[PDB]
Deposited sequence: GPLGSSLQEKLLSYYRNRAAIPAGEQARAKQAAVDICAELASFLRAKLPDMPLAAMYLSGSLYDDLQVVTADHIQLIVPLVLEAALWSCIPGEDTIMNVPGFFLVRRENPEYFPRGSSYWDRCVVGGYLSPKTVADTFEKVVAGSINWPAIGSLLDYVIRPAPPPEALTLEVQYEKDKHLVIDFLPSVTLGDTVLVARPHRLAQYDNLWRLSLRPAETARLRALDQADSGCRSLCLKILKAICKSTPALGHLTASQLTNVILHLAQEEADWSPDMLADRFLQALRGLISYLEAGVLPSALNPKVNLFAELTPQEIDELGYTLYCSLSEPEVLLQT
């Protein structure tokens, strides 16, 4: 049965050994700690909150291999000096992105804030902020030496704010160094829009709120939404034609489906899985996957039509024998 194959697939492909997760996490904390020491030592005047590790590996949602970790570097911005403007509220009309505006310059003039050195045209520039950290992360810290003390091989990617870490002979971990402005249950990040004319905008991450909503849903009925998600994530991670599908997009298909369908008991996993495949296909066909948390945001807005066709056709052809997705 499909149910049995899905559970076999989760068991044999999707779930990451507790020990492998441990080594990846430790590699990340080692790296974080080294960055914090450098920052506290060479940039002690840079107002930052506590850096913390984040991502699906900390929420029990990472699959196949422990290979991706976010390192959130939150800027401290004075309340009276800055505002965060939603992209959908600007002339450019760019949902999913934000402006961080320097406010009250006539009352608190240029220089009142450390972050004034990263302001361009009255806005905290994500590009200038990222450049500042790039010089630190990619130009100032001795990664060859540090990897040696920790027995890792650490290199910034060519995307210099991405650190490639070899923590085992052939186990590799990517750490994304994300300069951020935390905004409640959401995070603004310096990771440029795919289009070039949308680059002074901070990117809005809804991950923490999406994750919390998913967990709350399963907690209320002891349901299988998270398990279904993990199986979907593993399939897309293991299938080249499906690689453009992101954790967030898959999480939101489940969140919408959770609004339409109440029954996520363990024995309904297979039915939910197929419903999620057909759901995905309909979203791809429309070219629109609205964020379940911010409906103004289309989660497919950064895919091209060719990328969307490949996803849609791959999934559609699979419906005639869904088992092929389980690497069979």
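Comparing the deposited sequence with the modelled residues shows gaps at 1 to 5, 164 to 165, with numbering starting at 1.
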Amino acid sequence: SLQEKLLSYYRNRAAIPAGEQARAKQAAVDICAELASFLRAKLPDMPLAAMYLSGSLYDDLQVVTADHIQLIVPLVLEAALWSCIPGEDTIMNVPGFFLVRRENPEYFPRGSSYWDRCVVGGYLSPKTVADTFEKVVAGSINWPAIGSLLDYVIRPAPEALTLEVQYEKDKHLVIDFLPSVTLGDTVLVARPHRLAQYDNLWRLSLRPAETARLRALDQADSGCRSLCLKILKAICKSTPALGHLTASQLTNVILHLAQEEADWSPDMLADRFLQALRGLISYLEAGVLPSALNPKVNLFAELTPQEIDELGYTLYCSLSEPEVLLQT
From here on, numbers count along this sequence of modelled residues.
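When the C-alpha B-factors of 92 to 100 and 139 to 147 are averaged, 139 to 147 comes out higher. As recorded in the PDB entry, 51 to 59 is the stretch of 51 to 59 and 274 to 282 with the greater mean C-alpha temperature factor. The PDB entry gives the largest Cα B-factor of the residues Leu178, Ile231, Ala157, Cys118 to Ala157. Of the candidates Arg213, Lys237, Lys127, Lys169, the one whose C-alpha carries the top B factor in the deposited record is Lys169. When the modelled residues of the chain are ordered by their C-alpha B factor, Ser83 lands in the lowest third. For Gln70, the recorded CA temperature factor ranks within the middle third of the chain's modelled residues.
For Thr132, the recorded CA B-factor ranks within the highest third of the chain. Only modelled residues enter the ranking. When all modelled residues of the chain are sorted by CA temperature factor, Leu325 is found within the middle third.
Compared with the other modelled residues of the chain, the Cα B-factor recorded for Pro105 ranks in the lowest third.
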